[PDB]
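These protein sequences, in sequence, are chains T, b, d, 7, O, 0 and E. In terms of the authors' numbering, the first sequence is residues 47 to 157, 165 to 212. With the second sequence counted from 1, adding 1 to any position gets you the authors' numbering. In terms of the authors' numbering, the third sequence is residues 50 to 91, 117 to 199, 207 to 252, 255 to 294. With the fourth sequence counted from 1, adding 35 to any position gets you the authors' numbering. With the fifth sequence counted from 1, adding 8 to any position gets you the authors' numbering. With the sixth sequence counted from 1, adding 78 to any position gets you the authors' numbering. In terms of the authors' numbering, the seventh sequence is residues 45 to 225, 245 to 348. The beta carbon of each residue, even a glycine, is placed where N, CA and C say it ideally should be. Notes to accompany the following structure.
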Amino acid sequence: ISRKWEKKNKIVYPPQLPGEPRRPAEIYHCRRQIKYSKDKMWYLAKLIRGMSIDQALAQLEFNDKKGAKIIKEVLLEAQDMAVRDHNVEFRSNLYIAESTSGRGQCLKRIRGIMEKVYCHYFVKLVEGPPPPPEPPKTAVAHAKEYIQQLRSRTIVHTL
Amino acid sequence: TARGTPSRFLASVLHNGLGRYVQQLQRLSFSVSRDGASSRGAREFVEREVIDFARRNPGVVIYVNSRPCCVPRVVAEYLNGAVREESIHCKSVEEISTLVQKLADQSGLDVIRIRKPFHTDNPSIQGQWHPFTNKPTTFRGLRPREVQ
Amino acid sequence: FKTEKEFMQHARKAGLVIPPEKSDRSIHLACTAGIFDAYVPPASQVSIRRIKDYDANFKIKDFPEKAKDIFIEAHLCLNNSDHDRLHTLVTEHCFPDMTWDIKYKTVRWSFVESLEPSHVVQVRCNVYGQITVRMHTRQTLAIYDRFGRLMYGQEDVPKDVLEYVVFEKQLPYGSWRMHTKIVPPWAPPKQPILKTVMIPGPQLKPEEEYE
Amino acid sequence: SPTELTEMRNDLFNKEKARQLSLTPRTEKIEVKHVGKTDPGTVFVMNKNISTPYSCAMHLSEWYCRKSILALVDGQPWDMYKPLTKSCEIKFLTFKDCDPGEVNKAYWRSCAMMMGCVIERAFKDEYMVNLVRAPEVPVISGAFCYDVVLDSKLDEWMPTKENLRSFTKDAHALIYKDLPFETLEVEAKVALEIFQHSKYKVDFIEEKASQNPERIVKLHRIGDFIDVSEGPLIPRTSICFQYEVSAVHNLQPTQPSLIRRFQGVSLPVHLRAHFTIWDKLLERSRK
Amino acid sequence: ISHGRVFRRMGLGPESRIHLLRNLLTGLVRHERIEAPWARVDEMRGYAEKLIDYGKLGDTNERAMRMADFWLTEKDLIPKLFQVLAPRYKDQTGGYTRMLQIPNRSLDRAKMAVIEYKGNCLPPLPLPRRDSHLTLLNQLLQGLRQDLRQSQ
Amino acid sequence: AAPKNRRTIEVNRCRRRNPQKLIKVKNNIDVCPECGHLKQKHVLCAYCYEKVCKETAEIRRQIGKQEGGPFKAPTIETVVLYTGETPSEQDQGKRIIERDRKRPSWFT
Amino acid sequence: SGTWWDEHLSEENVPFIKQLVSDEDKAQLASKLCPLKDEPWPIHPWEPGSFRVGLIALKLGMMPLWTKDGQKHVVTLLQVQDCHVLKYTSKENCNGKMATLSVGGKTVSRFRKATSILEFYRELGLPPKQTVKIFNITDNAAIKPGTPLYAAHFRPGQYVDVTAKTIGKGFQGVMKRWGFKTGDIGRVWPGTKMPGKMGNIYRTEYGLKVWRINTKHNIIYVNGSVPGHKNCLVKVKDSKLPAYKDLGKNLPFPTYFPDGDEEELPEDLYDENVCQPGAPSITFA
RNA sequence: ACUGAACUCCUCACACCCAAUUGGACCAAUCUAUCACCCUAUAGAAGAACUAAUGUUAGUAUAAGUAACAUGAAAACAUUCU
Ligand SMILES: [Mg+2]
Ligand SMILES: [Mg+2]
Ligand SMILES: [Mg+2]
Ligand SMILES: [Mg+2]
Ligand SMILES: [Mg+2]
Ligand SMILES: [Mg+2]
Ligand SMILES: [Mg+2]
Ligand SMILES: [Mg+2]
Ligand SMILES: [Mg+2]
Ligand SMILES: [Mg+2]
Ligand SMILES: [Mg+2]
Ligand SMILES: [Zn+2]
């Protein structure tokens, strides 16, 4: 057992200066010992990894898997503590920065050993609009990269 | 091995031989136990050799700290802000003298792999080879199968 | 659960018989559940005798000076979060009420000169002395966050504060500590907040309606 | 100078926003009850002359930001980025409402103004372009219009297909920029200060400041382009999905100068039409 | 290869699929609205409308009374099929049922459906409405219809 | 047969993280206009359907009270009535299921 | 979100758009009925060694057809439904050995095509066809793009090759698919016969006699069996079989033109050996 | 003629490429004696060193989220039907 992710909401930053950009909020939440496997949660956790919380909620209400409901409870809970506890003004203005799933303390049942599998779920929400997705690189980017690799090369193994 | 280790090119610190030569070793910091069997050769080094050494190069400032250590060290600091900490643990005076002169003689650059054994900054004098050295020109700059 | 009745009814339905056991040690309280006589703001030399018969070296003419230093110093213990001094300066009815909500955020309270002299108002009374004081001051606040961004009050600008601070003393080793702070019902609203709030309506299950 | 026009107009605009926010009583906080069909009876406790209906939508969800377009503030149509003024009541109006009249009108006014933003910066510099107005065309009538007076050089000019196509390409360049529509309710003196170099828009400001009991006049800014509207507008340029400048017509009773009207048709990202339906809506938008 | 195979194979045989469908049809004649899984519902929808077409053949018809006797496992519903449902639909010739999808079943995540019989006393379903005729696109197309009517 | 070697996490990660095994972001999802809870297109709103389900549940309970015992399907059409509503002239010759709440906004 | 054409239309506007778009499809099919009163391309006579256009036809089904020798011939019907020439590409732009005509059949909804296709058919002036097949063709046969091809492009007696997707049987094993059931070779050769997806592939039946064409309903009555299910689209070209490479003398060479109005055709052309219905019952005397 | 080695030369350094076997020089950590006192020294001792015994125990992989397993139906959850 380690429990470092719960403590991450207790970092206190020194107050800022007027000539300094506003730091976005960061809300670390998790659930432990979910009775589900860590590699079935990987798909649900992977699904929502840059989405706004409204898009994440909306995608998990219509998913048929067992873990979707659990993650939806974790995200509604973290939206609550986002606003109440951590000074986020808009409920809507969050996005999922981190969503992973580790393994939990499993049990062993003798039938012939069979593991009762548990998992956790870790989410960091960050205040702000979700960052724009990475554009696919164009033929201009490929051509510049190639030519820059040609400009880069040296006479090798000499002076 | 070379693919595990970092590498660098052969360099100086501030063109160290061009104008004048500057000793790259600023500080030595000896720390020597008073009662302690490992810093015996350090003790006999402070008593015999460190004053002669300190006079043979005055650009180096030497600090002998003499606390109760369990392993004695020397800490060489260089002009480019590198720090080499070496132990003089259970060494004779002669071995410490060769180590301290070794630290004096070298510079602060890393003793990682050096790629080439040389470093010109002006490698070419007659002009570096491009594919139109050693080619004749044509009349009116024509190329093959050019009509006019 | 939400109360003791819910837990004892759940322990009766479950079968958890908790025997009330007799212990010779009890809890040695040094405070009071609230205020003896609620001083409602716009003859009690009885209780001054009932204080001087225990303390016997006590000048009220010097006390609102002392009540200033018990006040101000306590508030400076919020600037550093020094709880160990606050237990000397403030009561245990008053310690959570001033330090709980302020946790995980930095406050930068400061005092500047009083508009009026602080003056004692009333005094009441195993024995708990209790003295209410009127203070009319100028203070500064800046409550920041976990992330160090301002959520209450301009840092420089002083504001005029009325403070009906109630002190309390145990009557062996105790002293005068802030017990509470009466806020009158006529008092003006405080500073507004830098952020905006949505307040939800009733969350309706499908079987009910909004009216 | 045209660059001096846009610079001096935007500077007068920012003088009016700078005076507009300076007259705050330091974050007064007014509350607005969400009088609406769904998610009912939620008050928003908001900053007075700062927070807009868009921020109320942001308190609710991403859904009410993306789908809502006007706001019935006390039964009055309001922009999403117009700052609120007092304790009020908000509905949020979308395109797919039961009776979305004011949203069709707002969309229509918006597309005419975006068109004017394309027209002014379309011609090469030696040609005087002069935007008289955007008349209130019904949405059933086929196409949003914009009346423009052109230079005497282009008295006999009629654009080709490629010139209307170049107008649309500038319009999709104007959509892609994703520009909000700033608003300012300004009294008529500063309104006449900004447009002090166009007889037509001066007379328009005068006719509209004569309609309210104050001298109050709505100004809107897309990006570096100011115009006078009759009412509210769309929140952003990014809402217009399909957009075509379809035709140019010349009005007939034109003795002083040509009141040369432009035609266009457009649909939002919400009410996209299929390609064939869109072609028939192009055809009908050329009358 | 199942080209042109029109029947779902269900239950644990052909006989058992006809008894499953018969239980669903009995449920829907009794209650006039059913949640059941989707494939079972549209199979049974085919049977339900045919059953009313036998209900319109008259009470006195012998063949209709044989079909109703088979298909309705509760015998009190056979007066209902010949005096409530068949008189209700005596006007229209088809389309006696409506089917929609529910969200998926909580238990095993099955595609769910409702069929009801049209025009029943029960509270109405939240039917999927077309978009309003007063929207932007619908007003443009209304205007275009007005112009193509102006051609004559 | 049995596996000749043990597959590595590099091969495995390439197997169980390629897009054929990832969950597809679906975009059928709208907001129900009546309730504001987000529904899916082509599917009824879960919330509004739960409303209608609960009211058919009370109505069917009172059907069961007025019938009494099994095998009592009436040969008559039925009409649901709420508090303070006269049966209409159209509602004559129909059994009546009186309710105790108000007529809903959506029942008609 | 993605949309479809019907999504935002009211109840009032859905049959309006059906009648509108359907009526423009009928008008566009009706405008192309006069290719020669238009400005066609120069019509050349048949030269020995030239190729002409094919068709695209529905497979209607089969029926028997008795010849004068009293032998059955099972015959597929192939209706030509809205066949038209779509684009001509010369051999220079093709970089193939021969010029090509693109021809498409069976008008299909405009609400269900990619916009590049709808721009293509919009410029061409036609409602979009379901399939477009490409014909290798000489320069002499090149009808202008946008012209109707009819059933009487073929005539009875002509032999014909038909290509269509075969009826897909899905994943089948070895006994159905291939019809059966080394050590030192440590591997399975390419092209080994194994289970897999049977059918749903293009196959061509070569050299099929055309027995009878029906000019009114535009049916071709072809000998034997054609690949594909009923109501499938087939590509009907003249046969490449070298026993049938020279009989393009009597065939109308660019294509058959009813617009030419010269010696118009009956209801149904029959081959000489076909027992027509309505003929007296045949006797072998 | 040129290329071509760990051969030979060249600049500096040299105790620094065999099985089993056998000779030697050092030595990790531990405990004891006495030092030492941010981790050591001189000795004395010993359960004194593991990439390998289908080793022993425990953990966790892989095969694998695979094989396999499970709840007749509608409903008022009363009940009825198959
Ligand atoms: Mg089965
Ligand atoms: Mg091999
Ligand atoms: Mg050698
Ligand atoms: Mg050692
Ligand atoms: Mg051992
Ligand atoms: Mg080991
Ligand atoms: Mg083994
Ligand atoms: Mg081992
Ligand atoms: Mg396997
Ligand atoms: Mg299986
Ligand atoms: Mg079972
Ligand atoms: Zn709903």
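Using the rule of at least 16 other Cβ atoms within 10 Å of the residue's Cβ for burial, across every protein chain shown, is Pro67 (chain T) buried or exposed?
-> Taking the first residue of the first sequence as 1, we reach residue 67 (chain T) at position 21. It counts as exposed.
Could you tell me whether any non-hydrogen atom of ligand 12 is closer than 7 angstroms to the CB of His120 (chain 0)?
-> In the sixth sequence, counting from the first residue as 1, residue 120 (chain 0) sits at position 42. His120 (chain 0): no, Cβ never under 7 angstroms from ligand 12.
Roughly how many angstroms separate the alpha carbons of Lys71 (chain d) and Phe56 (chain d), rounded to a whole number?
-> Start at 1 with the first residue of the third sequence, and residue 71 (chain d) comes out as number 22. Start at 1 with the first residue of the third sequence, and residue 56 (chain d) comes out as number 7. For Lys71 (chain d) and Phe56 (chain d), the distance between alpha carbons rounds to 21 angstroms.
Is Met150 (chain 7) closer than 8 angstroms to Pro270 (chain 7) when the C-beta atoms are compared?
-> To locate residue 270 (chain 7), count along the fourth sequence from 1; it is residue 235. To locate residue 150 (chain 7), count along the fourth sequence from 1; it is residue 115. It is not a contact, given that the beta carbons lie outside the stated cut-off.
Say whether the segment 118 to 136 of chain T touches the segment 84 to 92 of chain T, bearing in mind that this needs 3 or more beta-carbon pairs closer than 8 angstroms, one atom from each stretch.
-> no
Check the Cβ-Cβ distances between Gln105 (chain T) and every residue of chain 7, and say whether any is below 8 angstroms.
-> Residue 105 (chain T) sits at position 59 when you count from the first residue of the first sequence. Not a single CB atom of chain 7 sits nearer than 8 angstroms to the CB of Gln105 (chain T).
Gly291 (chain E) lies in the beta strand (DSSP E); which residues open and close that run?
-> Working through the seventh sequence from its first residue, we reach residue 291 (chain E) at position 228. Segment: none, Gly291 (chain E) is in no beta strand (DSSP E) and carries neither H nor E.
Contact set between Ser140 (chain O) and chain 7, taken where Cβ atoms lie within less than 8 angstroms = Mapped onto the fifth sequence, residue 140 (chain O) falls at position 132. Against chain 7, a Cβ distance below 8 angstroms from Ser140 (chain O) picks out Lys131, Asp132, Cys133, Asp134 and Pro135.
Return yes when the C-beta of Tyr125 (chain 0) is under 7 angstroms from any heavy atom of ligand 12, and no when it is not.
-> For this step, residue 125 (chain 0) is matched to residue 47 along the sixth sequence. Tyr125 (chain 0) Cβ: within cutoff of ligand 12.
So who's on the other strand from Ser8 (chain b), going by DSSP bridges?
-> Residue 8 (chain b) sits at position 7 when you count from the first residue of the second sequence. BP columns for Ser8 (chain b) point to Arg114 (chain b).
May I have a chain-ordered list of the beta strand (DSSP E) segments no shorter than 3 residues that lie completely inside the segment 7 to 95 of chain b?
-> 26 to 32, 62 to 65, 74 to 79 and 84 to 88
Between the CA atoms of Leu193 (chain E) and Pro340 (chain E) - distance to the nearest angstrom | Position 277 of the seventh sequence, counted from the start, is the residue given in the question as residue 340 (chain E). Position 149 of the seventh sequence, counted from the start, is the residue given in the question as residue 193 (chain E). One C-alpha to the other measures close to 27 angstroms.
What first and last residue would you give for the alpha helix (DSSP H) that runs through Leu203 (chain T)?
-> One-based indexing of the first sequence puts residue 203 (chain T) at position 150. First-last of the alpha helix (DSSP H) with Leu203 (chain T): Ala192 to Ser205.
Kindly identify the DSSP beta-bridge partner or partners of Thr156 (chain 0).
-> Your numbering for residue 156 (chain 0) matches position 78 in the sixth sequence. Per DSSP, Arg173 (chain 0).
Inspect the CB distances between the segment 186 to 196 of chain 7 and the segment 259 to 277 of chain 7 and report whether three or more fall short of 8 angstroms.
-> no
Shortest alpha-carbon distance to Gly262 (chain E) belongs to which of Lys213 (chain E), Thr182 (chain E), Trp90 (chain E) and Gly93 (chain E)?
-> For this step, residue 262 (chain E) is matched to residue 199 along the seventh sequence. That would be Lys213 (chain E), whose Cα lies nearest to the Cα of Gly262 (chain E).
Within chain d, the residues that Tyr125 (chain 0) reaches when beta carbons sit closer than 8 angstroms = Locating residue 125 (chain 0) in the sixth sequence gives position 47, counting from the first residue. Near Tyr125 (chain 0) (Cβ distances below 8 angstroms), the residues of chain d are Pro289.
With DSSP as the reference, please indicate the residues paired to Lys131 (chain E) in a beta bridge.
-> The residue given as residue 131 (chain E) occupies position 87 in the seventh sequence. Note: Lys131 (chain E) sits in a beta bridge opposite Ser146 (chain E).
Say yes only if the C-beta of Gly249 (chain E) is nearer than 7 angstroms to one or more non-hydrogen atoms of ligand 2, and no if none qualify.
-> Stepping through the seventh sequence from its first residue, residue 249 (chain E) is reached at position 186. Yes, the Cβ of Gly249 (chain E) comes within 7 angstroms of a heavy atom of ligand 2.
Would you call the CB atoms of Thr105 (chain O) and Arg53 (chain O) closer than 8 angstroms?
-> By 1-based counting over the fifth sequence, the position of residue 105 (chain O) is 97. By 1-based counting over the fifth sequence, the position of residue 53 (chain O) is 45. In this structure, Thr105 (chain O) lies near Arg53 (chain O), with their beta-carbon atoms less than 8 angstroms apart.
Whole-angstrom Cβ separation of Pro172 (chain E) and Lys157 (chain E), contact assumed at under 8 angstroms?
-> Numbered from its first residue, the seventh sequence carries residue 172 (chain E) at position 128. Numbered from its first residue, the seventh sequence carries residue 157 (chain E) at position 113. 5 angstroms between Cβ atoms; contact.
In whole angstroms, what separates the C-alpha of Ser30 (chain b) from that of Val14 (chain b)?
-> For this step, residue 30 (chain b) is matched to residue 29 along the second sequence. For this step, residue 14 (chain b) is matched to residue 13 along the second sequence. Cα to Cα, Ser30 (chain b) sits roughly 22 angstroms from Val14 (chain b).
Element boundaries [alpha helix (DSSP H), containing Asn153 (chain d)] = The residue labelled residue 153 (chain d) in the question sits at position 79 within the third sequence. It spans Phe137 to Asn154 - the alpha helix (DSSP H) in which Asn153 (chain d) sits, taken as one unbroken run.
Cutoff 8 angstroms; reference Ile134 (chain d); Cβ partners in own chain excluding five residues on either side | Here the question's residue 134 (chain d) lines up with position 60 in the third sequence. These residues qualify, in order along the chain: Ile122, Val194 and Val197.
Assign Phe78 (chain O) to buried or exposed, taking buried as 16 or more other Cβ atoms, counted over all protein chains shown, within 10 Å of its Cβ.
-> Position 70 of the fifth sequence, counted from the first residue, corresponds to residue 78 (chain O). Answer is exposed; the Cβ neighbour count stays below 16.
Check each candidate in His94 (chain 7), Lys117 (chain 7), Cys91 (chain 7) and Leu268 (chain 7) and name the one with the smallest Cα separation from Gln55 (chain 7).
-> In the fourth sequence, counting from the first residue as 1, residue 55 (chain 7) sits at position 20. For the residues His94 (chain 7), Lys117 (chain 7), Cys91 (chain 7) and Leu268 (chain 7), the minimum Cα distance to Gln55 (chain 7) belongs to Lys117 (chain 7).
Contact with chain E by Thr68 (chain O), beta-carbon distance below 8 angstroms | Position 60 of the fifth sequence, counted from the start, is the residue given in the question as residue 68 (chain O). Chain E contact via Cβ: absent.
Could you please give the first and the last residue of the uninterrupted alpha helix (DSSP H) stretch that includes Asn198 (chain 7)?
-> On the fourth sequence, residue 198 (chain 7) is found 163 positions in, with the first residue counted as 1. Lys196 to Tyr211 is the extent of the alpha helix (DSSP H) around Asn198 (chain 7).
Look at the alpha carbon of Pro136 (chain O) and the alpha carbon of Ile80 (chain T), and state the distance between them as a whole number of angstroms.
-> Here residue 136 (chain O) refers to the residue found at position 128 of the fifth sequence. Here residue 80 (chain T) refers to the residue found at position 34 of the first sequence. Their Cα atoms are separated by approximately 38 angstroms.
Other residues of its chain near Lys197 (chain T): CB distance less than 6 angstroms, five sequence neighbours each side excluded | If you number the first sequence from 1, residue 197 (chain T) lands on position 144. Cβ neighbours of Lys197 (chain T) beyond the five flanking positions: none.
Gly114 (chain 0): contacting residues in chain 7 (beta-carbon distance under 7 angstroms) = Your numbering for residue 114 (chain 0) matches position 36 in the sixth sequence. Result: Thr73 and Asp74.
Going by the CB atoms, is the gap between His69 (chain 7) and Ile125 (chain 7) shorter than 8 angstroms?
-> As a working note, residue 125 (chain 7) is residue 90 in the fourth sequence. As a working note, residue 69 (chain 7) is residue 34 in the fourth sequence. It is a contact, given that the beta carbons lie within the stated cut-off.
Thinking C-beta only, is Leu90 (chain T) closer than 8 angstroms to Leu103 (chain T)?
-> As a working note, residue 103 (chain T) is residue 57 in the first sequence. As a working note, residue 90 (chain T) is residue 44 in the first sequence. No, the pair does not count as a contact, with Cβ atoms beyond the cut-off.
So is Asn128 (chain O) in contact with chain E if we call contact Cβ pairs under 8 angstroms?
-> As a first step, residue 128 (chain O) is located in the fifth sequence; it is residue number 120 there, counting from the start. So no, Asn128 (chain O) is outside the interface.
Quick one: grab the DSSP three-state call for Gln125 (chain T).
-> In the first sequence, residue 125 (chain T) corresponds to position 79, counting from 1. Here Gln125 (chain T) sits in helix by DSSP.
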